[PDB]
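As they're listed, the protein sequences go chains A and B.
Once you know that position 107 of the first sequence is 126 in the deposited numbering, the rest is easy, because the numbers rise by one and skip nothing.
Read in order, the letters of the second sequence are residues 22 to 572, 576 to 690 in the deposited numbering.
In this text, a Cβ means the ideal position worked out from N, Cα and C, and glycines have one as well.
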Amino acid sequence: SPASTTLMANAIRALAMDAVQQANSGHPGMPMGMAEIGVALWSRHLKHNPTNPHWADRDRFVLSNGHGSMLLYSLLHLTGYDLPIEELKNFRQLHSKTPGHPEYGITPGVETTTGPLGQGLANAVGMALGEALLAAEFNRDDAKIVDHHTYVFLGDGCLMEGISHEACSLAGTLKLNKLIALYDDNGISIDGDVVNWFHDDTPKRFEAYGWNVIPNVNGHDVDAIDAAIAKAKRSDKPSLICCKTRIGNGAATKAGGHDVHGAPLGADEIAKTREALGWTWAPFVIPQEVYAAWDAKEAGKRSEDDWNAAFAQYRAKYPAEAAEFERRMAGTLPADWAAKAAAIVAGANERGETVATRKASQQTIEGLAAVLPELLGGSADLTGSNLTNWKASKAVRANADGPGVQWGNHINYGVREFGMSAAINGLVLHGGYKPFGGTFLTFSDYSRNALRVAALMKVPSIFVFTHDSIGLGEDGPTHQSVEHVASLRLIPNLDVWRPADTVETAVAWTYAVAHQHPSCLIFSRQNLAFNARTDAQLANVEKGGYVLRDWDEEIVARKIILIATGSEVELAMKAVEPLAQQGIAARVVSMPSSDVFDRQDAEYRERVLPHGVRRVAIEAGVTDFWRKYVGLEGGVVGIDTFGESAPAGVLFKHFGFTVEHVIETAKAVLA
Amino acid sequence: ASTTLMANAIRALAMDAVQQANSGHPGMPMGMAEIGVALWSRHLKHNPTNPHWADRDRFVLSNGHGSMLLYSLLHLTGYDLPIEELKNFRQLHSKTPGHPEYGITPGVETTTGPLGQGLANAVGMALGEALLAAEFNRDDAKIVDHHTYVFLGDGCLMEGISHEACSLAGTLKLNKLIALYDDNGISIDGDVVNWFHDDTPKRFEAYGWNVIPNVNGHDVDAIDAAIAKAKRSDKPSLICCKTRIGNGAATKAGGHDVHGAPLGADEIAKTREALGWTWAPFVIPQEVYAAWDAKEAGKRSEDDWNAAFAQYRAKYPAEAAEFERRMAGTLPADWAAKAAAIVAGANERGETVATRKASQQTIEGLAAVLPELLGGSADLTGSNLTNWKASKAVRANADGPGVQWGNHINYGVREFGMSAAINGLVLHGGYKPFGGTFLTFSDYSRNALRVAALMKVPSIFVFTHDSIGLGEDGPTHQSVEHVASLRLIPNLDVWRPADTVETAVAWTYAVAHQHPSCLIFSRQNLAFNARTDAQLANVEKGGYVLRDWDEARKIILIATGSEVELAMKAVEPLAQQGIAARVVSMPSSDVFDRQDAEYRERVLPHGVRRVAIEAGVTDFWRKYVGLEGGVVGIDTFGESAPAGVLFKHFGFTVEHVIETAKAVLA
Ligand SMILES: Cc1ncc(C[n+]2csc(CCOP(=O)(O)OP(=O)(O)O)c2C)c(N)n1
Ligand SMILES: Cc1ncc(C[n+]2csc(CCOP(=O)(O)OP(=O)(O)O)c2C)c(N)n1
Ligand SMILES: O=P(O)(O)OC[C@H]1O[C@@H](O)[C@H](O)[C@@H]1O
Ligand SMILES: O=P(O)(O)OC[C@H]1O[C@@H](O)[C@H](O)[C@@H]1O
Ligand SMILES: [Br-]
Ligand SMILES: [Br-]
Ligand SMILES: [Br-]
Ligand SMILES: [Br-]
Ligand SMILES: [Ca+2]
Ligand SMILES: [Ca+2]
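Here is the structure:
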């Protein structure tokens with residue numbers, strides 16, 4: 020007898036309930052509820068190769084309800100990915116390939132890192148947009164190389180989160196019809212029956228976004244779910260399949276209950292569940308016929324083999340394009356990257372312009388685009404204000420007459436910071452593009468956890484933020500960042516650049532673009548003075564903090580270091596001659612990135628900030644951050660309150676960003 | 022004077038004030054001028070003379086960039102906002118900042134500017150009115166009855182927070198909330214249809230809202246009729262007002278340039294001509310003042326309510342005194358002693374429990390003395406431990422509009438909408454609200470925490486699961502940078518208590534403090550610490566000496585929350601190595617920073633070196649330990665493993681404390 024769908028689904032049940040029991044921790048409800056959905060999608064529709072999780076044209080799957088991780092670990096194991104049974108035995112254990120929520124980079128087949136509800140859905144919107152752009156860009160009438168679907172499992176949690184609204188409204192407007200969402204519709208969240216706090220007509224909601232909805236599907240009928248996916252694959256709109264399930268389905272006593280979401284079933288309940296399901300095998304034992312029914316290694320090999328032959332036929336007709344496709348899918352920059360980056364930094368230096376760093380950024384974007392065809396910019400409805408767009412770009416737009424998008428390389432995201440940012444994580448994960456997205460610095464508070472997840476996954480998302488201080492002027496304290504620059508530096512693995520002029524901007528951008536981890540690039544509204552640099556100083560900008568103005572040789576005056584960033588570098592420099600007329604010799608250290616500076620070696624950090632010489636930090640943001648560089652004995656010229664609505668000039672004088680206050684602070688520090 | 026003249030007065034003030042400041046947003050106020058007339062002039066119940074009248078309708082400007090609209094309305098209808106202040110739009114110390122600010126201007130109910138949050142505040146205000154009515158009203162005497170109006174645009178509707186707020190408001194059947202949508206087809210990048218093609222009426226019906234689609238947004242009578250229909254509604258209402266951004270402008274109306282830039286003098290002169298507005302900038306003729314002014318109607322309205330309240334007091338003296346107490350945000354009478362008893366109880370019990378359980382234990386005690394206490398959780402009630410045995414769940418009525426009364430709210434998975442709704446509840450008066458979620462997901466709600474801090478209102482945000490100590494859920498949940506990142510927000514108190522006693526102090530301080538608070542609790546059990554009565558009295562100073570030097577080489581160990589235990593366990597082993605350790609517990613560094621210099625010097629004397637110990641990023645501690653001190657923390661994301669395994673793996677051990685201390689004293 021070969022395996023029935025019931026036996027295939029019950030294997031998921033058994034692995035889930037057993038792994039959770041073993042760890043005494045985790046979530047058996049969702050995996051047990053979603054088991055028939057897993058069979059229908061994975062065994063009948065998903066195009067993938069377990070032997071090569073990196074195959075360019077694989078379907079992308081995302082588990083947005085990430086707490087149900089054992090569902091993904093079961094499917095991966097059963098269908099033949101390199102995730103052995105011993106790894107499932109070590110669910111939720113230190114250094115296992117089975118962490119409590121799935122982690123990209125940790126486990127083969129895991130496309131993104133989930134756990135924070137709602138972000139998977141948005142990642143998946145990004146992945147579908149990437150497929151759609153990459154298809155419009157690379158496919159030719161006589162040779163197709165891009166064609167895959169994007170699948171996402173999600174629950175009540177993701178649908179309640181505001182980010183689902185941002186993502187799905189945008190996906191509906193852009194007609195991303197190869198995105199197919201399967202909703203685990205089980206009527207229950209952690210607090211109990213969802214109807215008491217979440218009574219949406221969800222089908223009607225998604226129709227309003229311009230999605231196709233298949234409501235009221237029996238989530239325990241494989242054939243019905245299978246049929247719903249097949250209809251979805253014929254749809255001219257993104258689809259939502261509402262799969263009515265019972266949470267913890269199959270459990271003897273606890274199914275549909277308020278206690279199966281996120282605690283182990285208990286040994287008795289498992290024993291009773293085994294008998295109720297007729298599942299006779301011991302924990303982590305899977306019978307041969309169950310592996311044989313699930314295993315995807317043969318079909319995965321045929322699929323990738325046909326694709327490789329298709330790509331070979333495409334290379335013969337389109338060799339330059341085929342090589343571009345490979346390079347870009349790998350996330351590799353051009354072979355002559357070092358030359359091309361240097362041309363961009365050098366042009367910034369030749370021009371010697373005094374402009375706002377948001378304008379510097381746009382000038383640098385212009386130069387990047389000319390050599391990076393993968394460049395993909397965008398803004399959360401602040402295009403003309405962030406200056407994220409370039410003259411030769413083309414805006415992404417839905418096709419007027421059918422599904423999908425016309426190719427473009429700049430995206431209007433709408434007023435959707437968080438959705439934009441998690442979409443960018445998706446775009447970066449998909450491969451083929453180098454994406455970035457802008458908003459005002461303070462509204463990093465809206466997209467924050469997406470910046471964090473990018474930093475956790477270690478993918479090189481680029482987040483542009485403009486209007487970075489009181490320097491923005493009249494829009495006032497709701498808009499003026501104070502705490503943000505420092506608060507972003509706190510996130511592990513997230514580089515923060517706050518350049519002082521065109522040259523630092525070109526370095527920040529070129530560095531960010533080549534770096535493996537994500538970056539925040541922070542620009543001013545207001546014009547900042549250009550700084551002339553020697554060759555030695557130019558070479559040191561990329562070290563994050565460097566000596567911009569040194570003391571003269573063999574001097575006699577009392578020494579101070581001024582450490583400044585961004586718009587405050589200008590203030591530090593205007594303070595040098597005045598400090599000298601006061602008997603104080605001021606070195607100016609510019610620190611466009613403290614994160615990068617901290618990675619420099621000890622000899623170099625000691626050369627920039629010599630022990631025993633006192634320091635004043637200068638930055639239009641909270642002061643406490645600076646104590647790591649200035650100590651208890653040092654000073655800081657900064658801002659520890661919210662701002663005020665007035666012109667920038669007025670605000671800078673009001674808040675003590677003046678030569679006089681710098682002098683006074685330096686004198687206090689030297690006393 | 023005609024309604025056209027009334028509307029154009031808003032146009033003139035808005036375009037002229039933006040020109041004078043050479044800065045601001047004339048588009049929206051010009052586009053919404055008739056909507057302003059219909060609501061403010063024909064439906065809004067309010068007394069310009071007393072902005073704090075308890076039973077006033079609440080108005081929220083969610084599309085806060087259109088601030089000149091509100092300043093105009095406030096000025097025309099007779100609030101204490103003189104023409105001189107409109108002349109000083111966007112200037113230092115004016116009562117007319119670029120986005121409206123609660124506390125700065127009379128009649129400004131909340132601070133907006135961050136899109137979407139106004140809408141969520143209004144959901145909170147309407148929930149406040151509804152709960153208070155169900156609680157205080159009686160069959161023979163009504164004292165609570167008012168509507169909540171919110172102006173909003175495309176930005177607010179795109180923001181995910183609008184989904185959170187409106188989905189919750191629909192399920193709770195808050196039928197007195199009335200939202201007027203400035204439906205103008207434009208956002209900053211241009212034609213919204215290219216990035217925002219939602220059928221918004223259909224979306225809102227899906228939430229359980231009543232929708233009045235396709236209203237002519239320049240026809241006062243039609244908008245008026247829609248507002249009237251909405252006041253008759255079973256459900257919250259969205260009135261979709263079709264408008265032209267910059268409407269009335271001579272040549273630029275409906276353009277992509279009127280959102281956020283001055284019209285220019287040329288355009289203004291021509292607009293004066295096309296409108297037939299003959300008066301010079303900031304000059305309003307007396308007939309327009311006479312048509313707009315609401316002083317007399319406002320006085321009759323509040324006088325009628327004042328009488329109904331007196332009729333209520335004669336029948337319900339005790340309930341009436343409670344109403345006045347709570348609307349004013351005043352604590353109960355023997356408050357100092359009741360709070361002292363709650364602390365003393367935690368001290369007497371001496372239990373070792375998680376601070377999440379401590380928190381629940383304190384909530385039990387707070388609830389017994391604060392009938393105004395209003396808890397809730399973002400779908401983590403049994404995990405945050407935000408409810409208490411006697412609490413009752415807020416629920417929609419089964420059969421009609423509105424809610425049954427309750428004092429714990431299930432917010433669903435909506436950290437940001439919950440938090441901004443809590444701000445609204447606080448601003449409304451009548452309750453002492455709080456809401457919980459996991460600490461890391463403060464990232465979702467972050468900007469609402471910030472706005473509570475800007476408005477200086479005492480919102481309470483509960484966060485549990487505060488570090489690697491949460492264990493198996495792993496690095497997406499395990500907070501690392503959060504504690505320090507919340508300390509950086511100005512005016513936001515952050516408490517991270519070590520045990521039941523610190524928890525009791527943190528909670529009682531938060532309840533009586535004017536600024537908002539983050540209360541941060543552990544998932545795992547934390548050891549109880551015995552305190553002298555003098556140590557007890559210093560807990561509310563935010564940092565204090567928990568274990569003093571024995572009257576060997578001196579060090580100070582500064583520790584917070586769950587790490588106080590590791591600091592205390594290190595004292596004896598450090599003694600065996602010739603180091604005399606003082607332990608300073610710092611449950612709130614923010615509160616500590618506010619103490620006077622003598623006290624701070626007493627706790628942290630100059631010249632004694634310091635090691636900080638906290639399960640979070642290490643750099644923050646340099647403000648206290650200096651370049652020469654040490655930190656025992658975590659500067660990477662965590663891992664998925666049991667808590668005990670994590671603490672060992674990440675160096676939270678006595679050995680590491682000793683080693684750091686010796687490095688520091690070298
Ligand atoms: C942003 C965020 N907030 C809160 C949580 C904690 N949490 C995890 S699952 C969940 C409930 C969502 O339940 P649902 O998605 O309906 O999953 P089911 O229990 O039905 O599997 C919550 C509140 C989280 N993981 N992420
Ligand atoms: C959270 C947030 N993100 C971004 C912005 C910047 N911003 C202000 S108004 C606006 C456009 C909103 O357009 P709409 O609400 O339709 O305004 P209209 O110009 O039509 O009044 C944007 C993107 C903001 N104020 N708040
Ligand atoms: O002049 P910038 O700062 O680019 O824009 C100023 C204002 O104009 C609008 O675009 C934005 O809403 C912002 O508030
Ligand atoms: O066991 P605690 O930490 O209370 O919470 C249980 C966990 O499992 C679920 O209930 C929650 O999502 C949380 O992740
Ligand atoms: Br067996
Ligand atoms: Br060009
Ligand atoms: Br457009
Ligand atoms: Br000593
Ligand atoms: Ca559910
Ligand atoms: Ca608009």
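Whether residue i touches residue j by CB criterion (8 Å)
i        : j        : result
B/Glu625 : B/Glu587 : no
B/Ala441 : B/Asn142 : yes
B/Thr521 : B/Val374 : yes
A/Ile199 : A/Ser115 : no
A/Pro118 : A/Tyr100 : no
A/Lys194 : A/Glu150 : no
B/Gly650 : B/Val688 : no
B/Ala389 : B/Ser412 : no
B/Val608 : B/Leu567 : yes
Any C-beta of chain A under 8 Å from that of residue i
i        : result
B/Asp203 : no
B/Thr497 : yes
B/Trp216 : yes
B/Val424 : no
B/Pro118 : yes
Residues near residue i in its chain [Cβ-Cβ closer than 7 Å; skip 5 each side]
i        : result
B/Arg77  : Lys66, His67, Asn68 and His167
A/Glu372 : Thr521 and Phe549
B/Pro511 : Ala474
A/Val515 : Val504, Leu507, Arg508, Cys539, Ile541, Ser612 and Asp614
Residue i burial status per 10 Å Cβ neighbour count (16 or more: buried)
i        : result
A/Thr660 : exposed
B/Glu679 : exposed
A/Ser188 : buried
B/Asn418 : exposed
B/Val304 : exposed
A/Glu596 : exposed
Cβ-heavy atom distance, residue i to ligand 10, below 7 Å
i        : result
B/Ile266 : yes
B/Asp212 : no
B/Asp175 : yes
CB contact check: residue i to chain B, cutoff 8 Å
i        : result
A/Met179 : yes
A/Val374 : no
A/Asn468 : yes
A/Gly421 : no
A/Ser188 : yes
A/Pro511 : yes
A/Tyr432 : yes
Proximity test, residue i beta-carbon vs ligand 3 heavy atom, cut-off 7 Å
i        : result
A/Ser404 : yes
A/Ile207 : no
Cβ-heavy atom distance, residue i to ligand 7, below 7 Å
i        : result
B/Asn215 : yes
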